[PDB]
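Trainee: What would the 3D arrangement of this be:
(one chain, ligands or ions: 1)
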Amino acid sequence: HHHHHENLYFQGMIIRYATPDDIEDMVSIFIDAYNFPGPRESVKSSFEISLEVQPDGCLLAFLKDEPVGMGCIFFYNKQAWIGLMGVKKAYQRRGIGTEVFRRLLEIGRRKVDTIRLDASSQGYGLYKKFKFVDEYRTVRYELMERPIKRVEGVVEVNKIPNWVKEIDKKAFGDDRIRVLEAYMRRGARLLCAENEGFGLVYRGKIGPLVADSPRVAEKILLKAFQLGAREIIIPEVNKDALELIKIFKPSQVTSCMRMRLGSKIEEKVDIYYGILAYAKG
Ligand SMILES: CC(C)(COP(=O)(O)OP(=O)(O)OC[C@H]1O[C@@H](n2cnc3c(N)ncnc32)[C@H](O)[C@@H]1OP(=O)(O)O)[C@H](O)C(=O)NCCC(=O)NCCS
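Mentor: Numbering: from 1, shown residues only. Here you go, the structure:
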């Protein structure tokens, strides 16, 4: 004997837990992998939030100090979400994403019995190899025009009330309040109608949007648009959500297929109009 390596061998690469010192690299991987033409700071702030939500959730793949690939797992009580998968285009299609995902699953299986995600066209085939099954599509729409229609009765609140925690638990099927909180530390606005619905507005995005009726969801969405919301990701199985957004003359941006490994989570998707993020569920 001679050389002593205390990790599995995988193509001469190093895969390890990310820390906040790795934010710039994560951002670079993401912008490469997703061909993101937007401003950098946008991604940096999003990833700072992700590491607050799950400090030990991010795996990074390195080929000799060059950052090549990443992915994340976010834990709730009954399920975890895998999101933010990305391998730099020069390094794609040689098994790196598959390996990062394997490792994430390994971590997830010890803690929870259901793992879910929102799959793009490139990812879909990877996740299917691990026996992920289709749930329903989650469709990203851009809201183009302001409806000529006033609303009254929607307020922004600085602390999450218990009734919001309860209606979100019902919509999502789990506890993700720490995610809402992390976004609100960065300026995200919590809009509430009556005690029957809420929406979270962060940058140009509303998510989640949860409402006991289409009329309450509409009130929130109109006020969100006024506060700069231009995008919403709708679960395609909420029949009222697609009809709701039509008054904004929406433009479809992209869709994913939500997928699951393990047992179905009881969720109330009829009240669930806008998912939080493809990364988080
Ligand atoms: C999904 C992604 C992370 C895959 O990473 P990767 O290192 O290239 O994937 P792997 O080499 O391990 O390939 C695993 C499987 O992914 C799927 N895949 C990867 N790239 C693909 C693409 N270009 N088109 C269709 N399927 C693709 C295939 O099923 C592949 O298996 P195969 O080679 O036997 O057919 C992806 O290429 C990426 O970083 N893009 C980012 C944005 C995106 O569209 N996907 C992430 C969100 S779900």
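
Trainee: drop to CA atoms for contacts and neighbour counts, all remaining ones
Mentor: Noted.

Trainee: does residue 117 belong to a helix or a strand, and which?
Mentor: Secondary structure assigned from DSSP states H and E places residue 117 in strand 114-119.

Trainee: how's the protein carved up into domains?
Mentor: Using curated CATH domains, the domain parsing of the chain gives 6-135, 136-281.

Trainee: Could you confirm whether any residue of the first one contacts the ligand?
Mentor: Yes. Applying Cα under 6 Å from any ligand atom, one finds that domain 6-135 is in contact with the ligand at 33-34, 85-87, 92-98, 119-120, 122-123, 125-126.

Trainee: out of those, which are buried?
Mentor: 33, 85, 86, 87, 96, 97, 98, 119, 123, 126 (16 or more other Cα atoms under 10 Å).

Trainee: tell me which strands and helices the host helix or strand of the third one is in contact with?
Mentor: Yep, that's residue 86 we're talking about. Residue 86 belongs to strand 79-87 when assigned by DSSP H and E. Strand 79-87 makes packing contacts with helix 23-34, strand 66-75, helix 96-111, strand 114-119 when contacts are defined by 3 or more Cα pairs under 8 Å, 6 or more residues apart in numbering; DSSP states H and E.

Trainee: Paired strands for the last one, with orientation please.
Mentor: To tie it back to what came earlier, the one meant is strand 114-119. strand 79-87 (parallel), strand 251-262 (antiparallel) (DSSP bridges).

Trainee: ok, back up a step: run through who's touching the strand holding residue 117.
Mentor: Strand 114-119 has contacts (Cα atoms under 8 Å, 6 or more residues apart in numbering) with 78-83, 105, 108, 127, 138, 256-265, 278-281.

Trainee: that older thread, among the strands paired with strand 114-119, show me which one is buried the most.
Mentor: strand 79-87 (a mean of 24; mean count of other Cα atoms under 10 Å).

Trainee: what about it, distance to the chain center?
Mentor: The chain centroid and the centroid of strand 79-87 are separated by 8 Å under Cα atoms, centre = their mean, to the nearest Å.

Trainee: ditto for stretch 142-158
Mentor: Centre-to-centre, stretch 142-158 and its host chain are 23 Å apart (Cα atoms, centre = their mean).

Trainee: Pipe the helices and strands packed on strand 79-87 into CSV and attach distance to residue 155 per row.
Mentor: Formatted as CSV, those follow (distance: least, Cα to Cα, whole Å):
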stretch, distance to residue 155
helix 23-34, 34
strand 66-75, 30
helix 96-111, 38
strand 114-119, 31
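
Trainee: To residue 159, which of those lies closest?
Mentor: Closest approach to residue 159 among the helices and strands packed on strand 79-87 (Cα to Cα): strand 66-75, 22.6 Å.

Trainee: Neighbours of the nearest residue to residue 226 once chain neighbours are set aside, how many?
Mentor: Spatial nearest neighbour of residue 226, chain neighbours left out: residue 146 (8.0 Å); criterion: Cα to Cα, 6 or more residues apart in numbering. When neighbours are counted by other Cα atoms under 10 Å, residue 146 registers 13.

Trainee: my guess is residue 146 contacts residue 225, does it?
Mentor: Yes. Assessed by Cα atoms under 8 Å, residue 146 is found in contact with residue 225 at 7.2 Å.

Trainee: Tell me which residues touch residue 220, please.
Mentor: 154, 191, 192, 193, 197, 198, 199.

Trainee: and if we set it to 10 Å?
Mentor: Listed by Cα atoms under 10 Å, 6 or more residues apart in numbering, the contact set of residue 220 reads 151-155, 190-193, 197-200, 206, 209-211, 214, 226.

Trainee: hang on, the earlier thing: residue 183 is nearest to which of the helices and strands packed on strand 79-87?
Mentor: Evaluated over the helices and strands packed on strand 79-87, closeness to residue 183 peaks at strand 66-75, with 14.8 Å, by Cα to Cα.

Trainee: mind listing what the closest one pairs with, with the direction of each?
Mentor: Counting by DSSP bridges, strand 66-75 is paired with strand 58-63 (antiparallel), strand 79-87 (antiparallel).

Trainee: mind listing what's buried in that strand?
Mentor: Buried residues in strand 66-75, counted by 16+ other Cα under 10 Å: 67, 68, 69, 70, 71, 72, 73, 74, 75.
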